[PDB]
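Down below is the structure, laid out as structure tokens.
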Amino acid sequence: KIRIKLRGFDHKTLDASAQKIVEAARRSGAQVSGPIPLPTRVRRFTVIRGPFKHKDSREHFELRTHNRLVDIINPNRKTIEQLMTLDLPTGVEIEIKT
Amino acid sequence: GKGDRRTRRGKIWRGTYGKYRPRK
Amino acid sequence: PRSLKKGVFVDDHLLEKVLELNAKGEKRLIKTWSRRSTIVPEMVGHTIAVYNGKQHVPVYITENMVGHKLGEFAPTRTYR
Amino acid sequence: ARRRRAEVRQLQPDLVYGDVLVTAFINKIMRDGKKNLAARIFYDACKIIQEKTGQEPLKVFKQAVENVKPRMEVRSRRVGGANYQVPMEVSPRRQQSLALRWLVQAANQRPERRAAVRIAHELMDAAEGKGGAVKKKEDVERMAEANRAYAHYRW
Amino acid sequence: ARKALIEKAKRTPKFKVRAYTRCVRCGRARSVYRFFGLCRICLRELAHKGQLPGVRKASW
Amino acid sequence: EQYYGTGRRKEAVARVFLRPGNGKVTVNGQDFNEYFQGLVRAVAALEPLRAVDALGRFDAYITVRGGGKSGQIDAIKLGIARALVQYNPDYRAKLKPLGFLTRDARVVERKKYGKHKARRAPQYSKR
Amino acid sequence: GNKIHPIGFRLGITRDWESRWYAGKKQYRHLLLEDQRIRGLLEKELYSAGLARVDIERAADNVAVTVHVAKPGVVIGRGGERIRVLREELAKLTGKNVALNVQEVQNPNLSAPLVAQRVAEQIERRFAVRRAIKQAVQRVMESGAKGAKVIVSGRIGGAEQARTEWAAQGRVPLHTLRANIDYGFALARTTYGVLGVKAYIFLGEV
Amino acid sequence: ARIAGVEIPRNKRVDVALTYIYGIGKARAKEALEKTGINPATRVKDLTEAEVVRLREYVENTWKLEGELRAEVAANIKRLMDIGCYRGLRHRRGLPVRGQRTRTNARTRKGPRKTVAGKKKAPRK
RNA sequence: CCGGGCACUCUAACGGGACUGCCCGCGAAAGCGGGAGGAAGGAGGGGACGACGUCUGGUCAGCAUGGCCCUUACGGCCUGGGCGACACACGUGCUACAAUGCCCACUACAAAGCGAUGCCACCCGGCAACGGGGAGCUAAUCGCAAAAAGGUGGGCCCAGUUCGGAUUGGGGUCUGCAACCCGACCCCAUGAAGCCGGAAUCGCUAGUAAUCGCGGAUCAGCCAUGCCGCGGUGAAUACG
Ligand SMILES: [K+]
Ligand SMILES: [K+]
Ligand SMILES: [K+]
Ligand SMILES: [Mg+2]
Ligand SMILES: [Mg+2]
Ligand SMILES: [Mg+2]
Ligand SMILES: [Mg+2]
Ligand SMILES: [Mg+2]
Ligand SMILES: [Mg+2]
Ligand SMILES: [Mg+2]
Ligand SMILES: [Mg+2]
Ligand SMILES: [Mg+2]
Ligand SMILES: [Mg+2]
Ligand SMILES: [Mg+2]
Ligand SMILES: [Mg+2]
Ligand SMILES: [Mg+2]
Ligand SMILES: [Mg+2]
Ligand SMILES: [Mg+2]
Ligand SMILES: [Mg+2]
Ligand SMILES: [Mg+2]
Ligand SMILES: [Mg+2]
Ligand SMILES: [Mg+2]
Ligand SMILES: [Mg+2]
Ligand SMILES: [Mg+2]
Ligand SMILES: [Mg+2]
Ligand SMILES: [Mg+2]
Ligand SMILES: [Mg+2]
Ligand SMILES: [Mg+2]
Ligand SMILES: [Mg+2]
Ligand SMILES: [Mg+2]
Ligand SMILES: [Zn+2]
């Protein structure tokens, strides 16, 4: 019962990086609950394009926070070896909950 | 109408609650 | 349809300056900038010079004009 | 339509008569997108043309329409500075368009409070030959032709 | 945006209802976002540069 | 046994299951006519059957979510004809001519800036 | 007054961010004011080095701060005498035990910001504008490249009436995403006001 | 029936007909009828001498209505007008008293428009 | 809800698919007009993208900047006032003038978003705004949240009306150091113009217009009927 959520801005890293944790267990743990998607929380920013006036232009910006699950049922004691300090991502965050 | 504080629509439109539009 | 709640606001600048004039009979005039303050009984029979934003307007406070606020008697703008 | 020649969109047949000419009239009766509300008015009126008449509504409908189709009208034009009302025929597509519109317009001009009644009552007076829908029509025609002196301006 | 007014940072308002965001990058005090501490202008600029992680050009 | 089809419209999905029987239809539990109370529309959703003269040979268990009751009515219209095809592929030949097999792509067009709502533009005064 | 930023227009594609790191609505702004302040000092300092880019990565109180330079020499300093000062001067501003690489730019003539700075300098040096531009494009267009372009703002040669000189070679298809055009702006302070140099270098394709 | 001060509502549901009384609105109408048990839906013509009387009683005693209100309201306006009170000044000058703009539309309080001359260029638009 | 299953729906990564490829007619080609097969057919819808340049266009009050100018002040602090004034005129809007409508009941179907010192279920006091107490959320897991138009039932019967809710008395709740000038929000009483708008003039060609409601940024609160998005229902017409 290892719940590890994966939240980031890059759906490629937070994705590859996410499939890093998946194999570092498929060699020492339950078939795992596989990598679960989980809706993305988009944040939009809308601003008048130029300074002073011209209120009818505006440009649209969004901050896409992607998410993941993974989740390794069966608290395998041999998995924490491959899943201890064998990471590589740079813009990813990880939450661990048992 | 959407402008009568004391109607169902009045409340909704003005996005409030009260006697004329209770919170469930 | 006015309001405020439970605690009737008044600035102690002149409060502890209006009652302080009572523990000595009375006085004459009081220069104030706080029109935010609610007129209460211990003022009845006084003369509070409120500020427009330009000058101080004498304001003989009376019985009825209690619940009101000092500013209500110091007209801000000037018109035709 | 500066480029091609615009294709007349095809409507969905009636759910109670499998008629397109009905859906058409129903759309004209329609207000702010509320079709359900519209539809009712129609059928409810069809039921009223049912009671007050042994004839089926669908038939009363068709006839009501048919009588209000104008076959001539006057469109304007600029010549020498003055304006002339040139009488010209009226294509099938337009005849229909003006009919259904005129009915509904004449209908809602009626005195009876209930909608479905007015549509029913106008529809009846229509097939009968009377009614303001037909008056509007006969008028467009009186207008046209009554300028035959300008007909030599074939559109 | 006179320096004397970029004192906002005070946090010594005497009455907290006097506090007011104010862009950290241009001193802007009129269209300052919370999530960035940047005004609508500054936000547009750095966003284009790519100095705001994740922040991409939204389209749909 | 039973046959499946999906069906989506104006952003609303429908789960369709067709089983031989009278002609009863369970939409989200409630009987069809219960769910689609007085909506002159509804009636259409079962059109795929009238097409191949079925109806009186099938029962239908339908689920539906997202959108509005009229969008769903069209979604139901798809599943019914999509399942009805899996059941018997020879049925496509009669459904296509009336295209019940097509997915209506018309969807709420996005709102643009500067415009009051996509296309509807603001009103300019004495230019 | 049109045309979007070539970088901002190509972030998700041919061009990555200059700051990679996730944060929450509570720290994002902070990890920005700072993350920005990092670029503030490094820019004023590592000027002569000719710093093209200043990537910055983060983690649990960690920092990358890879500084890209043409002449890494001035960076590091005598044996290591400087890359130490400016790391202790760095971590002083932000107590985060910050790393600090020093990458080297292979051919600074394909580094739009540099090319811009170059032209910018020459302008403060009372040089002839049109020349620098023509040269710049050449230097860049010669160091390989499938296209290049430079634009100096206005008030050319202190001329009362501002103008806009540019000239370019090869391709600079600003409309195609699948391109990769390093863009670089460089200001140019003077005795008669500012000038703005802009540089484009069409490198790759797909 | 004649409830409050010579008020003669009729041929209409009592609840709504009651409304024709000065100080009586949709709310109080609903009240009085209930706290007197009288189907609101009964036309006034169809009330009862009994019901009517009960109604007349409650209303005229449970509240300050008609002419008495008017005099009272006018009294208050008059009141806060005798003070150097700002609101009072607005009443005197005949302008809105609840902090509304007067640069444009403040008609309902000002009445009809008393148009005048002005400039032409500098698009007053 | 349990068990436990991923098949569906969905979530979100990655791919498949459309090419005038196939069929007939025209053509010299390019490419037309039709047909089949297909979810989709000839840029399938909608975005981001706006050339050399033109208005000596806009912005020195976002910022940057050359040159003038002030320096016990044209710099700085504060309390208070003013940006909210009102004989008038215009732009953009909101709410309407009603029966295809307005109320009150009861019931059904959305999407996007937002939520630490914040969404706030539930319970209790109060007509209510709101107040107490208090579960859950660190958020596909809890909350905002009722979608509304719709449907079923009942009332109103054509009246300035059960239309419309301006204005004005009252009595209150909140935020906030503080609501006189100058805040929303309840509740009672008021219940104004308005019967569809002259000359003129605006938008929109399809999930568009029209109509209904929902969210967010900014933000203590709010004067948002603004703005940027969201999804329900869903037309008319285009000869030319
Ligand atoms: K309406
Ligand atoms: K110019
Ligand atoms: K009025
Ligand atoms: Mg009303
Ligand atoms: Mg207080
Ligand atoms: Mg309807
Ligand atoms: Mg400054
Ligand atoms: Mg504030
Ligand atoms: Mg601010
Ligand atoms: Mg819409
Ligand atoms: Mg470009
Ligand atoms: Mg009354
Ligand atoms: Mg005012
Ligand atoms: Mg060919
Ligand atoms: Mg293009
Ligand atoms: Mg000029
Ligand atoms: Mg101009
Ligand atoms: Mg200019
Ligand atoms: Mg203003
Ligand atoms: Mg409107
Ligand atoms: Mg109507
Ligand atoms: Mg309660
Ligand atoms: Mg209670
Ligand atoms: Mg105030
Ligand atoms: Mg009327
Ligand atoms: Mg068009
Ligand atoms: Mg809103
Ligand atoms: Mg707000
Ligand atoms: Mg206001
Ligand atoms: Mg609002
Ligand atoms: Zn800023």
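Residues displayed in chain E correspond, in order, to Swiss-Prot positions 2-61.
Header entry for method reads X-ray crystallography, 3.0 Å.
Quick reminder: no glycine exception, Cβ is built from N, Cα and C everywhere.
The annotation Zn(2+) binding site is assigned in Swiss-Prot to E:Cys24, E:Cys27, E:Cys40, E:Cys43. In the three-state DSSP scheme, E:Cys40 (Zn(2+) binding site) is classed as strand.
Excluding the listed site residues E:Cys24, E:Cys27, E:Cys40, E:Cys43, the same chain places E:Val25, E:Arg26, E:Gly28, E:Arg29, E:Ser32, E:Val33, E:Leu39, E:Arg41, E:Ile42, E:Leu44 with Cβ atoms within 8 Å of the centre of the Zn(2+) site Cβ atoms. Non-local contacts of E:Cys43 (Zn(2+) binding site) by the CB criterion (under 8 A, 6+ apart in sequence, same chain) comprise E:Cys24, E:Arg26, E:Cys27, E:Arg29, E:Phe37.
Within 10 Å of the C-beta of E:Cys40 (Zn(2+) binding site) there are 24 other C-beta atoms, taking all protein chains into account. Ranking the binding-site residues E:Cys24, E:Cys27 by the number of CB atoms within 10 A of their own CB puts E:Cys24 at the top.
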